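Top line first, the protein sequences correspond to chains W, w, M, 4 and V. The first sequence finishes on residue 85 if you use the authors' numbering, and the numbering steps up by one all the way, no holes. The second sequence finishes on residue 700 if you use the authors' numbering, and the numbering steps up by one all the way, no holes. The third sequence finishes on residue 136 if you use the authors' numbering, and the numbering steps up by one all the way, no holes. The fourth sequence finishes on residue 38 if you use the authors' numbering, and the numbering steps up by one all the way, no holes. The fifth sequence finishes on residue 94 if you use the authors' numbering, and the numbering steps up by one all the way, no holes. Since the structure comes first, as structure tokens, the remarks are kept for the end.
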Amino acid sequence: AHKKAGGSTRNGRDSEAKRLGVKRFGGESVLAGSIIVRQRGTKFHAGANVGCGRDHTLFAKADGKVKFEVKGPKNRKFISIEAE
Amino acid sequence: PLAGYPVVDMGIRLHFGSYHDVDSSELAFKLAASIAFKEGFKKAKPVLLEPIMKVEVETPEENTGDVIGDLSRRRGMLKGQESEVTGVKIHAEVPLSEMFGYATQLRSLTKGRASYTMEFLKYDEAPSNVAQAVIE
Amino acid sequence: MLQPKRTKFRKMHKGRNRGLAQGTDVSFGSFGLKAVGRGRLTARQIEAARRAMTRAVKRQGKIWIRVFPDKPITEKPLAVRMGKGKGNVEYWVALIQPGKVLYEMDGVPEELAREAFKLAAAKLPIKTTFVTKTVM
Amino acid sequence: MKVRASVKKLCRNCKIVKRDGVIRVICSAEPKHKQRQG
Amino acid sequence: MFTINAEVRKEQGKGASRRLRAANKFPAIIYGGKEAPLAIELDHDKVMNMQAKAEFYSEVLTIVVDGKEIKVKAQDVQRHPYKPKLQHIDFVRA
RNA sequence: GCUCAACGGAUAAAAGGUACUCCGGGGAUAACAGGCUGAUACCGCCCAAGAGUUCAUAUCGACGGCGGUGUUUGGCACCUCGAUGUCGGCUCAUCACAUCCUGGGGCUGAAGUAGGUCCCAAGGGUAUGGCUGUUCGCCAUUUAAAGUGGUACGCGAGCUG
RNA sequence: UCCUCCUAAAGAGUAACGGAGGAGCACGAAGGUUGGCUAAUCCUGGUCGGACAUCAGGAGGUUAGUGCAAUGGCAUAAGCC
RNA sequence: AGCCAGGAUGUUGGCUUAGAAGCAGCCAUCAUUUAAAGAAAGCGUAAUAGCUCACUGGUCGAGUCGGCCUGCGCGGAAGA
RNA sequence: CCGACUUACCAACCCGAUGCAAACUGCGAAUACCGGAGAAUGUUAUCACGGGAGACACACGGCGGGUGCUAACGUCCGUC
Ligand SMILES: [Mg+2]
Ligand SMILES: [Mg+2]
Ligand SMILES: [Mg+2]
Ligand SMILES: [Mg+2]
Ligand SMILES: [Mg+2]
Ligand SMILES: [Mg+2]
Ligand SMILES: [Mg+2]
Ligand SMILES: [Mg+2]
Ligand SMILES: [Mg+2]
Ligand SMILES: [Mg+2]
Ligand SMILES: [Mg+2]
Ligand SMILES: [Mg+2]
Ligand SMILES: [Mg+2]
Ligand SMILES: [Mg+2]
Ligand SMILES: [Mg+2]
Ligand SMILES: [Mg+2]
Ligand SMILES: [Mg+2]
Ligand SMILES: [Mg+2]
Ligand SMILES: [Mg+2]
Ligand SMILES: [Mg+2]
Ligand SMILES: [Mg+2]
Ligand SMILES: [Mg+2]
Ligand SMILES: [Mg+2]
Ligand SMILES: [Mg+2]
Ligand SMILES: [Mg+2]
Ligand SMILES: [Mg+2]
Ligand SMILES: [Mg+2]
Ligand SMILES: [Mg+2]
Ligand SMILES: [Zn+2]
């Protein structure tokens, strides 16, 4: 014909971005309950004064200053808080 | 079967056969023999044979090269050279199919001072190109 | 026709051909063909060069292909408009950076290897040069 | 004369000579080696 | 047996090394033993003809810096990817 | 209690034709032409396995590579939808040269006749009909030859339809 | 409409009729807690029995497993009883 | 460079081939007199023959040859 | 009754040497971003609330890419 009709793709789908990542970095002063990192799995583990939610959201269990550190035999990344 | 030609140099010997007590008939076996020929011939992938014939050409000494070239050009493999006093005598099995009009061509290369005597030699396998041409 | 036997995915982004090469030394044979320019070598290009290069040395020595076509290239058919998904994979290519050794050769004299690589480089779109093995 | 872009010696009797700004291959032996760049 | 006249580098880095190679010298280092490593620059072409020998990479070389002798070995060589040039040379003392 | 899945869900409840058409708009958006591009196409060149009795390069030329032109099929949607009339024919042309004839030349597997293939050359010249709306094409018979392409696939305020 | 990866240029987000896959559930245990336990694969030997069933030892160390895609995570197991 | 002269004896090396006589193609590529000479680089022959080259002695009497890198040029390069 | 060898065959795993990757990572920048402190500069350049809008057709160029032919004054994003 004058023009050749094309096909169709089968890859159009994608899901919404979940806004994961670190919310407060090292040195941030946070209130109790502040979300530090939103995660899939425990890439960062909960240290002192830090709690882990059902979806592994790390949140502050006290007022203070955020600190990242590496601890344990496995060199895992822990998030703790110095109470200030 | 391949191209409607009289098959030659074929050797067949009958060893096994079956017949029906009341239906045994000479015509049946005759037709059955033809059937057997068909399958056997196909699997043997036959090759057409051309009438390769020996050719003897006499020519002046100075034109020996011209003669050799033409003989070779016509897919003919030479088998002998005779250094006769009055010119050289050459021999070759030029394919008959290829050799047509050779007399006229030969004269120009030998200043019209040569001649040839033809005698059929043997039917040989045709080259792929030539064989296919005849098949089609 | 060099081509991966299977691939994790059948199509790949266009990408960019930046940087210098890895594998700039004659590591296997004694002589080598080294790419001076950058570009794409199709499997047909690599294989055509290999035929000339292996045939040049009269099937002597040993021949090493140092490059592999692992990048699939898609082409939209003639007279189709833009969009309607990505095109179909037509051929494979290897990306070539300046300095990469494409072919290696051993077991043959240097003057013959030089001539063989000349015929082989006549088939390649990218500028080449002749290199030999060195002790580091 | 063969006019091509890649002129070169096809035997030892071939000579490369530049005449009037064009490269030429002239052979004293046989004239099928006569070439002109162009 | 090879005598290499080399002068210690005044400045180092990517810009300095590229400037040096444009001026037809190339950087090299001498490390080993207990003395601190010494960064030298030296003429490209002289060493390029010298290293065309196969015995250059095995036998003991001589490097002259500030009129003082250092006995070294050609530990490694970094060559240009396609041009016949030397980017850098690693030398080991003794 | 909703494949209200057209998933921020028009109504509880709804498919088509229009060449008989009509209005408001858009070159925001297609068909012709121009434009950009040049995959494809055409032309040229690079390397030579081989064909050419022998002999790669007289003549061709595999597997591959690099360009040119704008010239086919395309890609895009930049211009025109308060209109740029769209094929073929007729009349009248004009340019480019990648030359069909005539002119000059090199090589030839150029004995002569007659060719083949490149290089130079655009001064002039370069069919009539049968059949189809045809351009083409096939065919008949000529000719030294019945060139290729651009000019809005030249030319409808010049004709035809 | 929703989920996972890439495009996405090391915070978030980021388009195309871009490249690939899934969901419209399941489970009163497959949830809570306490206690306990640790794979894939291969080698050697061993009734049917063999490449490959159950058994013993060894190597190996998560190359397994996760009710279902993909990514991240998981031994203090989030895996098994 | 050029010019003069030689470029010779096993030998037509063997195999193959209608022929393969240095020179279609295969293996070998050795000996000899040498100042030198190849079981031959090329032209030629149907095979020979023949013609050069490598190499050598003389003549001349001062520089010459071939690659590598690199600057700027040259051809490839035809439109209304 | 369980055996012991062997050859120019195929040969997995493993070792050594080589490359390739948007949907590979035992490594890993420059930048960008978040926060704390300090000076200088800046007509508050910042935030909040309220009155009024317009606008939601973008274009090219640089840089990082997808798509296309690393074709297009093509198309789709990021950033200036
Ligand atoms: Mg898919
Ligand atoms: Mg810099
Ligand atoms: Mg809707
Ligand atoms: Mg909606
Ligand atoms: Mg209207
Ligand atoms: Mg209107
Ligand atoms: Mg428009
Ligand atoms: Mg148009
Ligand atoms: Mg647009
Ligand atoms: Mg217009
Ligand atoms: Mg309009
Ligand atoms: Mg108007
Ligand atoms: Mg012309
Ligand atoms: Mg005149
Ligand atoms: Mg008429
Ligand atoms: Mg015209
Ligand atoms: Mg028109
Ligand atoms: Mg008009
Ligand atoms: Mg009118
Ligand atoms: Mg009128
Ligand atoms: Mg991001
Ligand atoms: Mg970023
Ligand atoms: Mg001969
Ligand atoms: Mg040029
Ligand atoms: Mg809008
Ligand atoms: Mg918009
Ligand atoms: Mg935009
Ligand atoms: Mg645009
Ligand atoms: Zn010549």
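Cβ coordinates follow ideal geometry from the N, Cα and C atoms, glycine included.
In chain W, which residues lie with their C-beta within 9 Å of the C-beta of residue i?
| i | result |
| --- | --- |
| residue 85 (chain M) | 7, 8, 9, 10, 11 and 12 |
List, in chain order, every chain M residue whose beta-carbon is nearer than 8 Å to that of residue i.
| i | result |
| --- | --- |
| residue 76 (chain V) | 136 |
Could you check which residue in the options has the C-alpha nearest to that of residue i?
| i | options | result |
| --- | --- | --- |
| residue 569 (chain w) | 579 (chain w), 613 (chain w) and 585 (chain w) | 613 (chain w) |
| residue 89 (chain M) | 11 (chain M), 98 (chain M) and 112 (chain M) | 11 (chain M) |
| residue 61 (chain V) | 90 (chain V), 26 (chain V) and 82 (chain V) | 90 (chain V) |
| residue 657 (chain w) | 574 (chain w), 624 (chain w) and 689 (chain w) | 689 (chain w) |
| residue 51 (chain W) | 19 (chain W), 42 (chain W) and 65 (chain W) | 65 (chain W) |
| residue 577 (chain w) | 566 (chain w), 588 (chain w), 601 (chain w) and 587 (chain w) | 601 (chain w) |
| residue 9 (chain M) | 73 (chain M), 95 (chain M), 111 (chain M) and 120 (chain M) | 73 (chain M) |
| residue 65 (chain M) | 76 (chain M), 58 (chain M), 75 (chain M) and 94 (chain M) | 94 (chain M) |
| residue 19 (chain M) | 39 (chain M), 122 (chain M) and 58 (chain M) | 39 (chain M) |
| residue 69 (chain M) | 49 (chain M), 53 (chain M), 41 (chain M) and 86 (chain M) | 41 (chain M) |
| residue 84 (chain V) | 6 (chain V), 9 (chain V) and 24 (chain V) | 24 (chain V) |
| residue 75 (chain V) | 82 (chain V), 28 (chain V), 92 (chain V) and 44 (chain V) | 92 (chain V) |
| residue 102 (chain M) | 75 (chain M), 124 (chain M) and 84 (chain M) | 124 (chain M) |
| residue 138 (chain V) | 67 (chain V), 15 (chain V), 73 (chain V) and 35 (chain V) | Chain V is shown only over 1 to 94; residue 138 (chain V) falls outside these bounds and no answer can be derived. |
For a contact meaning CB atoms closer than 8 Å, what does residue i contact in chain W?
| i | result |
| --- | --- |
| residue 10 (chain M) | The contacting residues do not exist; residue 10 (chain M) stays about 12 Å from chain W at best. |
Which chain W residues sit within Cβ distance under 7 Å of residue i?
| i | result |
| --- | --- |
| residue 80 (chain M) | 5 and 7 |
Which chain V residues sit within Cβ distance under 9 Å of residue i?
| i | result |
| --- | --- |
| residue 34 (chain M) | 81 and 82 |
| residue 20 (chain M) | 81 and 82 |
Which residues in chain M have a C-beta closer than 7 Å to the C-beta of residue i? List them in chain order.
| i | result |
| --- | --- |
| residue 57 (chain V) | 135 |
| residue 54 (chain V) | 135 |
Quickly, what does DSSP pair residue i with across the bridge? List them, please.
| i | result |
| --- | --- |
| residue 77 (chain V) | 89 (chain V) |
| residue 37 (chain 4) | 4 (chain 4) |
| residue 605 (chain w) | Residue 605 (chain w) is not bridged to any residue. |
| residue 620 (chain w) | 655 (chain w) and 681 (chain w) |
| residue 53 (chain W) | 59 (chain W) |
| residue 27 (chain 4) | 14 (chain 4) |
| residue 30 (chain W) | 66 (chain W) |
| residue 7 (chain V) | 41 (chain V) |
| residue 72 (chain M) | 92 (chain M) |
| residue 39 (chain W) | 22 (chain W) |
| residue 105 (chain M) | 31 (chain M) and 63 (chain M) |
| residue 40 (chain M) | 95 (chain M) |
Could you check if residue i belongs to the surroundings of ligand 29, using beta carbon to heavy atom distance under 7 Å?
| i | result |
| --- | --- |
| residue 635 (chain w) | no |
At 7 Å on the CB atoms, spell out the chain V contacts of residue i, in chain order.
| i | result |
| --- | --- |
| residue 99 (chain M) | 81 and 82 |
| residue 54 (chain M) | Within 7 Å Cβ-Cβ: nothing; residue 54 (chain M) doesn't reach chain V, min ~24 Å. |
Check the Cβ of residue i against every Cβ in chain V and list those closer than 8 Å, keeping chain order.
| i | result |
| --- | --- |
| residue 129 (chain M) | 82 |
Inset, instruction - Please list, in chain order, all residues with a C-beta atom less than 6 Å from at least one heavy atom of ligand 1. - result: 11 (chain W) and 12 (chain W)
Legend entry - Neighbourhood of ligand 29 [Cβ distance below 6 Å to any heavy atom], ordered by chain position: Going along the chain, the residues that qualify are 10 (chain 4), 11 (chain 4), 13 (chain 4), 14 (chain 4), 27 (chain 4), 29 (chain 4) and 33 (chain 4).
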